[PDB]
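Scroll down for the structure; my scribbles are underneath it.
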Amino acid sequence: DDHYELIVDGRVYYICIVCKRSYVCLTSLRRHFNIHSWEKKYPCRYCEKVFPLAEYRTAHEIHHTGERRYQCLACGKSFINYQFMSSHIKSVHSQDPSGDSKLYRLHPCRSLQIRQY
DNA sequence: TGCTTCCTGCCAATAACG
DNA sequence: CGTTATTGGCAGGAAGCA
Ligand SMILES: [Cl-]
Ligand SMILES: [Zn+2]
Ligand SMILES: [Zn+2]
Ligand SMILES: [Zn+2]
């Protein structure tokens, strides 16, 4: 028992009973709620750190391996995450990768095992 | 104030369950 | 083994940090 529902204008919101954060879908509330309950743990496999979300652990573990998955297509430089890539493309190439063009390539993750696309 | 990490709608990949 | 439920990768804006 971790939420209540709030309905405004026919739109359904799921509210965390602990911190009152609002979610459009229940899956997100359940993913969020682990921060409170710590029902599941996500331990780094390279150090002692433990995370409340699987994706937080993954981003952290990529830091351990040093893999650079985000590649700028304008000059070929590669980056650890979206933020480094975006900062680069905006500052050096004066372009926005969230725009209407494909300015970067996200390589598959090869330095560790996560599900592929 | 420029890195560092967090956050959540969306949904493909994966697991659970008969 | 077909049907259903769950996980968690991803973008890219937000929040944290020193
Ligand atoms: Cl690499
Ligand atoms: Zn909460
Ligand atoms: Zn670690
Ligand atoms: Zn570049």
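So you know, we letter chains A, B, ... as the sequences are listed, proteins then strands, and number each from 1.
- In this structure, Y14(A) reaches neither bases nor backbone, as no heavy-atom distance under 4.0 Å exists between it and the strands shown.
- Near DNA chain C, meaning a heavy atom under 4.0 Å away, the residues from residues 31-52 of chain A are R31(A), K40(A), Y42(A).
- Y42(A) and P52(A) make their closest contact through CE1-O, 3.5 Å (heavy atoms, listed as atom of the first residue, atom of the second, distance).
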Evaluate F51(A) against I35(A) for side chain to side chain contact (heavy atoms under 4.5 Å, CB included), listing each step before the verdict.
CA-CA 9 Å; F51(A) 301 84; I35(A) 294 172; over 6 Å; no
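- Non-hydrogen atoms lying under 4.0 Å from DNA chain B are contributed by nothing in residues 100-113 of chain A.
- Within the 4.0 angstrom heavy-atom criterion, base atoms lie near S28(A).
- Proximity note for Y23(A) (side chain, C-beta onward) versus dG9(C), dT8(B), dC7(B): the nearest is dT8(B).
- Ring pair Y82(A)/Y70(A) is perpendicular by interplanar angle, where above 60° counts as perpendicular and below 30° as parallel.
- In this structure, OH on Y14(A) lies 8.5 Å from SG on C25(A), to the nearest 0.5 angstrom.
- The interatomic distance linking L26(A) (CG) with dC11(B) (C1') rounds to 16 Å, in whole Å.
- For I15(A), the side chain to side chain contact (heavy atoms under 4.5 Å, CB included) criterion is met by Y4(A), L6(A), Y13(A), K20(A), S22(A), not counting sequence neighbours.
- In this model, the phosphate group of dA11(C) is not approached by any side-chain N or O of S98(A) to a distance below 4.0 Å at OP1 or OP2.
- Rounded to an integer number of Å, the gap from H63(A) NE2 to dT5(B) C1' is 8 Å.
- Comparing the local axis fitted to the first five base pairs of the helix from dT1(B)-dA18(C) to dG18(B)-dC1(C) with the one fitted to its last five gives a bend of 40°, rounded to 10°.
- Looking at heavy-atom distances under 4.0 Å, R21(A) makes contact with sugar-phosphate atoms alone, never a base.
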Step-by-step side chain to side chain contact (heavy atoms under 4.5 Å, CB included) determination, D1(A) to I17(A):
CA-CA 8 Å; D1(A) 176 41; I17(A) 195 44; 5.9 Å; no
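- Within residues 71-93 of chain A, the residues having any heavy atom under 4.0 Å from DNA chain C are, by residue number, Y82(A), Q83(A).
- Dashed line: the shortest gap from a side-chain N or O of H60(A) to OP1 or OP2 of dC6(B) is not under 4.0 Å.
- Listed by first then second residue, pairs satisfying side-chain hydrogen bond (donor to acceptor under 3.5 Å, both in side chains) with a partner in residues 103-117 of chain A read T65(A)-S111(A), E67(A)-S111(A), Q71(A)-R105(A), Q71(A)-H107(A), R115(A)-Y117(A), not counting sequence neighbours.
- Here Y117(A) does not reach the OP1 or OP2 of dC11(B): none of its side-chain N or O atoms lies under 4.0 Å away.
- Judged by atom type and distance alone, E55(A) does not reach the base of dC6(B) through any side-chain donor-acceptor pair under 3.5 Å.
- Heavy-atom distances to DNA chain B give each of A59(A) and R115(A) a nearest nucleotide, and the one nearer the 5′ end belongs to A59(A).
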